[PDB]
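Results of the structural survey
So the chains spell out like this:
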Amino acid sequence: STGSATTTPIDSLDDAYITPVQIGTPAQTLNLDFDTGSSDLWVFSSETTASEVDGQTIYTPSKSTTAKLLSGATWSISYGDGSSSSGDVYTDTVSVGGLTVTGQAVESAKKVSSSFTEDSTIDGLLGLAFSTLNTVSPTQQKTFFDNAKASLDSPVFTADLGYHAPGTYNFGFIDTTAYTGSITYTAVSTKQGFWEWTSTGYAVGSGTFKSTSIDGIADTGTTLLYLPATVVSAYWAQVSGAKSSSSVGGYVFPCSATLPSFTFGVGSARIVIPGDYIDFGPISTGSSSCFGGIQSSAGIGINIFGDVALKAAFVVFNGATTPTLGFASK
C-alpha cells in the first residue's frame, strides 16, 4: 500500500504545516501537525477542557463506531518549546492520504497548554519519530508509520515541505518526479528515539564550505534551524545590523536586509537554503526588526534541522531494519 497527502503552511511564515487525517467511522477529518520529532498521535477532542478549545476541530470518539477505549491508558507529553498536553487513549481507524491503519492509538487530549489553545489551525499532532518515545502508559503505543510499515510497498515516508506553499507527505514510495539529481543517504542513530544524523558541514552565502561534523535531528515539527553558536554567529556576521537579542530570544536583523543563503552538507552532497527562507518577519507587528530563521542550539542540548532546513530538500525517512535519512535538492 501507499498514501499521499498534501501538507499546507498554517500561516504566511510557514510556522508549521497541517495535513488532513481521517479518524474513525464515519470519518472525522482533523488537520494534524506531522512531527518527526515526537511519537504521539494526539488530538483535540470532546474530552478536552472546554476553556482550552478555541476554534480547533475535535475528535468525538462516541460518534465513531470503530473507536474503543484503551482501558487504563494515559499519556502526557512536553515539547521543546515548553508546550504540553495530556489525556486518555482510544484505538480507532486512521487514514492518511488513502493509507489506512486499523487499531491506531489515538490519544485524546483532556488538557492542552496555552500555545495549543491559541493556535486554532492545529487540531493535534501525528508523531513520526521512533515509537520508543511514545508516552502512553502503562502500555507504550506505536506510531502511525510503525503500524503501517509492514503493509507499505517500501518501508519509507517522505517529507516535501513547501516554502510559502503546500507540499506533500508520501508513505510507502519515493516520488522520483519530486526532486532533482540523486538522493544522498546518510546514517541514522535511533538511540535517542529521533531521526538523528550527522551533517558534514556548512557554507554561508557564496563562502567556502567548512567541513565539520554537526550531529542533529530531522524534525518537521520544529519551525527553525537550530545549530551550534559558532555556526550561527558566522551566518549572522554576514548580515549588516544583525545581532542576538536577549529580550527577543534570538538573532534579529533589519527587515531591510537581503539574507545570504545557508548550505548544509549531507555526505558529499550539499543542500542550499535560500536566504528568503531564513526571514521570519517582524518581531512584532509593524516592527522593522525581523526574526532570524537560523538560531543557536546552545542550551537546547541538540541541534535541530527543522522546517527551514527540511523545506529546502526532498527528505526520505527510511524505516528499513537499519534506518537511514535521504536528502535531495528539488
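As documented in the archive entry, the model was determined using X-ray crystallography at 1.3280 Å resolution.

Identification of the protein as endothiapepsin from Cryphonectria parasitica is taken from the PDB entry. Under its PDB header, the title given for this structure is "Automated refinement of diffraction data obtained from an endothiapepsin crystal treated with fragment 31". Among the UniProt annotations of the protein, the heading Sequence similarities holds the following wording: "Belongs to the peptidase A1 family."

Attention shifts here to the pattern of salt bridges. The full count for this structure, using the stated rule, is two salt bridges. Among the ionic pairs, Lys-311 bridges to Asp-14, the shortest N-O distance being 2.8 Å. In this pair, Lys-311 is assigned in the loop between α4 (307–310) and β23 (314–318) and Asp-14 in the loop between β1 (3–9) and β2 (17–23), connecting sequence segments 297 residues apart. On the basis of relative accessibility, which here comes to 2%, the residue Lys-311 falls in the buried class. In this structure, the salt-bridge partner of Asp-160 is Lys-330, at a minimum N-O distance of 2.8 Å.

Residues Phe-171, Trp-236, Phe-262, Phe-264, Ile-273 and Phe-327 are the most contacted members of the largest nonpolar core, which totals 68 residues. When residues are assigned to domains, this core turns out to be shared by domain 1 (5–174) and domain 2 (175–330), each giving three or more. Ignoring sequence-local partners within four residues, the contact set of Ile-273 consists of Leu-225, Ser-261, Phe-262, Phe-264, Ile-278, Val-308, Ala-309 and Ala-312. Membership of the second largest hydrophobic core comes to 16 residues, among which are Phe-44, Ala-73, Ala-109 and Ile-122.

Below, the discussion takes up the domain arrangement of the protein. Assigned domains within the protein: domain 1 (5–174) and domain 2 (175–330). The straight-line distance from the C-alpha centre of domain 1 to that of domain 2 is 25 Å. Contacts between the two partners involve 30 residues from domain 1, matched on the other side by 33 residues from domain 2. For the side of domain 1 that touches domain 2, the secondary-structure elements that each account for two or more residues are β3 (28–35), β9 (156–160) and β10 (167–171). Tallied by class, residues from the side of domain 1 that touches domain 2 come to 18 nonpolar, six polar and six charged.

Strand-to-strand pairing in sheets goes through backbone hydrogen bonds, with the strands running parallel or antiparallel. With antiparallel pairing, the four strands of this open sheet are ordered in space as β15-β16-β20-β19. On the outer flanks of this sheet lie β15 (243–245) and β19 (279–282), each paired with one strand and no other. The mean inter-strand angle of the sheet, taken between neighbouring strand axes irrespective of direction, is 40 degrees. The sheet contact formed by strand β16 (residues 250–254) and strand β20 (residues 289–292) spans three bridges and is antiparallel. Along β20, the bridge assignment pairs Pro-254 with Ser-289.

So, about the UniProt feature "disulfide bond" in the protein. In this model the UniProt disulfide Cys-255-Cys-290 is closed, its S-S distance of 2.0 Å falling under 2.5 Å. Highlighted residues: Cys-255 in the loop between β16 and β17 (262–266) and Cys-290 in strand β20, separated in sequence by 35 residues. Given the relative accessible area of 28%, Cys-255 is considered partly exposed. The exposure class assigned to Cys-290 is buried, which follows from its relative accessible area of 3%.

Okay, the environment of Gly-267 next. Here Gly-267 lies in the loop between β17 and β18 (269–273). Accessibility expressed as a relative area gives 29% for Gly-267, which makes it partly exposed. Distance in space between the C-alpha atoms of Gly-267 and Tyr-185 is 7.8 Å, their sequence separation being 82 residues.

Reading the values: rules and limits
- Residues numbered from 1 in each chain as written, not as in the entry; some residues may be left out.
- Heavy atoms only, no water.
- Residues with missing side-chain atoms left out of burial classes, pairs and counts.
- UniProt positions renumbered as here; feature names shortened; annotations may be inferred.
- Salt bridge = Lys/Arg side-chain N within 4 Å of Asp/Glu carboxyl O.
- Helix = DSSP H or I, 4+ residues; strand = E, 2+ residues; numbered from the N terminus.
- Buried < 20%, exposed > 50% of the residue type's maximum accessible area, 1.4 Å probe, protein only.
- Core = buried A, V, L, I, M, F, W, Y, C linked by side-chain atoms within 4.5 Å.
- Domains from an automatic or database assignment.
- Contact = heavy atoms within 4.5 Å.
- Nonpolar A, V, L, I, M, F, W, Y, C, P; charged D, E, K, R; others polar.
- Pairing = 2+ DSSP bridges.
- Axes fitted to C-alpha atoms, helices over the stretch in contact; angles between N-to-C directions.
- Disulfide = S-S within 2.5 Å.

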